[PDB]
Amino acid sequence: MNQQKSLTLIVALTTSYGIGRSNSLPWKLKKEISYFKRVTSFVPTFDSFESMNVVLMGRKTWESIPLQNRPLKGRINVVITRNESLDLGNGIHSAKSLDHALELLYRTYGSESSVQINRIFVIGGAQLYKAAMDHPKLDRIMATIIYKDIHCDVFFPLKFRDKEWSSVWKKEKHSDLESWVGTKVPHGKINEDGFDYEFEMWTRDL
Ligand SMILES: NC(=O)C1=CN([C@@H]2O[C@H](COP(=O)(O)OP(=O)(O)OC[C@H]3O[C@@H](n4cnc5c(N)ncnc54)[C@H](OP(=O)(O)O)[C@@H]3O)[C@@H](O)[C@H]2O)C=CC1
Ligand SMILES: CC(C)c1ccc(N(C)c2cnc3nc(N)nc(N)c3c2)cc1
């Protein structure tokens with residue numbers, strides 16, 4: 001009663017795998033954040049009485065969220081840290097690993113609990129994304145590719161869009177992205193702040 005859901009990773013990255021700078025995001029793309037919130041919050045209409053998605057994030061990512069914005073609303077948040085702890089929040093869940101977070105979640109939101117888990121997302125940062133990529137239950141990446149080599153200081157840890165990984169990681173058709181996300185999703189390049197980005201979905205067989 002532990003390995004019955006697959007994990008999905010969601011990330012916005014440049015073409016050089018850049019994800020962050022100065023402990024935040026090195027762009028401010030309101031439509032991209034709005035895509036993030038929709039994908040991570042979407043629960044099919046039949047289920048959205050009692051079901052919620054989960055966002056799993058590293059301690060530095062938790063600290064990068066503006067104070068007045070965390071925990072991230074309408075999702076079950078869990079912060080991963082090896083220091084139990086001082087953290088903070090709000091009744092905020094924490095765990096010392098991805099698997100400890102899963103155990104915590106299945107124990108807390110058990111078959112009887114009023115709130116039920118729908119999908120579980122890993123939402124960053126690089127260190128946690130590294131652990132997610134090694135996890136046997138991770139099978140899907142929702143990537144926003146940012147077509148600009150923006151200066152970054154933190155990078156996505158595995159070059160999953162590169163030739164060396166292309167027998168393992170496959171890019172899905174846009175209709176399949178829409179069907180998974182449950183809504184119409186812009187197709188191809190969007191321009192905001194004078195650079196182009198686009199939404200992709202990649203999968204790995206379990
Ligand atoms: N999509 C995007 O573009 C995203 C970008 N970001 C960016 O990423 C940067 C944050 O990345 P990063 O510095 O790698 O930080 P993380 O958010 O991965 O925080 C790392 C910390 O979280 C804990 N942690 C992470 N992985 C594990 C693990 N497997 N087991 C136990 N503890 C773990 C540790 O906490 P402790 O030290 O407490 O033990 C570690 O010090 C920021 O710039 C942020 O803006 C973040 C999310 C999305
Ligand atoms: C605007 C506030 C609520 C906010 C601040 C930071 C973030 N982060 C960490 C963030 C922001 N955008 C993101 N975009 C994608 N595609 N994927 C991610 N994992 C991602 C993560 C999200 C929301």
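In each ligand, atom 1 is the first atom listed, and ligand 1 is the first ligand listed. Counting from 1, the numbers follow the sequence of the chain as shown. As a basis for the values below, the full set of heavy atoms in this structure was taken, side chains included, without hydrogen atoms, waters or symmetry mates.
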> Looking at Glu172 and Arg140, does any basic side-chain N land under 4.0 Å from a carboxylate oxygen?
Replying inline: no

> Think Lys189 forms a cation-pi with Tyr147, using NZ or CZ under 6.0 Å from the six-ring centre and within 45 degrees of its axis?
Replying inline: yes

> Name the residues with a heavy atom less than 4.0 Å from ligand 1?
Replying inline: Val11, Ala12, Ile19, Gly20, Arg21, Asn23, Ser24, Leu25, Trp27, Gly58, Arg59, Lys60, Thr61, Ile80, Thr81, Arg82, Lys96, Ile123, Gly124, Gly125, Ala126, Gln127, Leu128, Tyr129, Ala131, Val154

> What about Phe160 and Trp202, are their ring centers closer than 6.0 Å?
Replying inline: yes

>> Please evaluate residues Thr144 and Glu32 with respect to the criterion side-chain hydrogen bond (donor to acceptor under 3.5 Å, both in side chains), reporting the C-alpha separation (whole Å), side-chain torsions for both, the decisive distance (0.1 Å), and the verdict.
In response: CA-CA 8 Å; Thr144 301; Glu32 206 291 313; 2.8 Å; yes

> What's the spacing between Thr61 OG1 and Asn23 CG if we round to 0.5 Å?
Replying inline: 7.0 Å

>> Does anything in residues 83-98 form a side chain to side chain donor-acceptor pair (under 3.5 Å)? List the pairs, not counting sequence neighbours.
In response: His93-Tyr109

> Honestly curious: do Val43 and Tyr106 fall in one hydrophobic cluster under the side-chain, below-4.5 Å linking rule?
Replying inline: no

Could you go through ligand 2 and note, for every N or O atom, any protein N or O atom closer than 3.5 angstrom, writing the atom names and distance to 0.1 Å, or 'none'?
from     : atom 1 : to     : atom 2 : distance (Å)
ligand 2 : 14 (N) : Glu32  : OE1    : 2.8
ligand 2 : 16 (N) : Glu32  : OE1    : 3.4
ligand 2 : 16 (N) : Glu32  : OE2    : 2.7
ligand 2 : 17 (N) : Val11  : N      : 3.4
ligand 2 : 19 (N) : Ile10  : O      : 2.8
ligand 2 : 19 (N) : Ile123 : O      : 2.9
ligand 2 : 19 (N) : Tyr129 : OH     : 3.4

>> Filter on ring-ring contact (aromatic ring centres under 6.0 Å, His included), then keep only pairs touching residues 39-80, sequence neighbours left out; what's left?
In response: none

> Honestly, is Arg21 close enough over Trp27, meaning NZ or CZ under 6.0 Å from the six-membered ring centre and within 45° of the axis?
Replying inline: no

